[PDB]
């Protein structure tokens, strides 16, 4: 129960991290932050560092808050030209340690027609997002993630559609949709609303 919750949180910590390789030498942490922030709020960045060269070693780890952001970054940023080099975005070497929970979460997610939306402007609320996305079909829920303190939303959320066709169409259609001067990033959920 609470034990299952701890096991899931450990798996999720692993699942929220991506390896970013082939980082061009001109890039540093702020550029990596801006390149990977569209997919979800970044919880931390760990740049590689050489103490003798005083420079990074071409790679970094980006840590998100939900695994959908890491999945989306893997999908959308692998082989993107950052600076003068196409980057590699991959799983962390310990991703296998999220088994079996990683698969269990996906199987639970298959029961729902749920999508993940990031780069949601801080001035929008859940009903604003619902209105835009119900173009693709009836929505059962549209929830922006909120910080307990302040109650402000974190720039991302999840939408559950009644029909799989609708969630598929939203994911196929809405990437880079301009909402409030931010360009939405949209992907499938890999976790259920509730396990």
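Positions refer to the first chain, counted from 1.
Next on the checklist: Averaging CA B factors per stretch from the PDB record, which one is higher: 98-106 or 116-124?
Outcome noted: 116-124 has the higher mean C-alpha B-factor.
Item to check | Given 38-46 and 141-149, the range whose Cα B-factors average higher in the PDB entry | outcome: Per the deposited B-factors, the answer is 141-149.
Checklist entry - Mind checking which third residue 3 falls in for C-alpha B-factor across the chain? => result As the PDB entry reports it, the C-alpha B-factor of residue 3 lands in the highest third of its chain.
Item to check | Modelled-residue ranking by C-alpha temperature factor, third containing residue 27 | outcome: Middle third of the chain for residue 27's C-alpha B-factor.
Checklist entry - How does residue 87 rank on Cα B-factor within its chain, lowest, middle or highest third? => result Residue 87: CA B-factor falls in the middle third of its chain.
Checklist entry - Which third of the chain does residue 77 land in by C-alpha B-factor: lowest, middle or highest? => result Its C-alpha B-factor, which the entry lists for residue 77, ranks in the lowest third among residues of this chain.
Checklist entry - Should residue 69 be placed in the lowest, middle or highest third of its chain by the C-alpha B factor in the entry? => result Tercile = lowest for this residue's CA B-factor.
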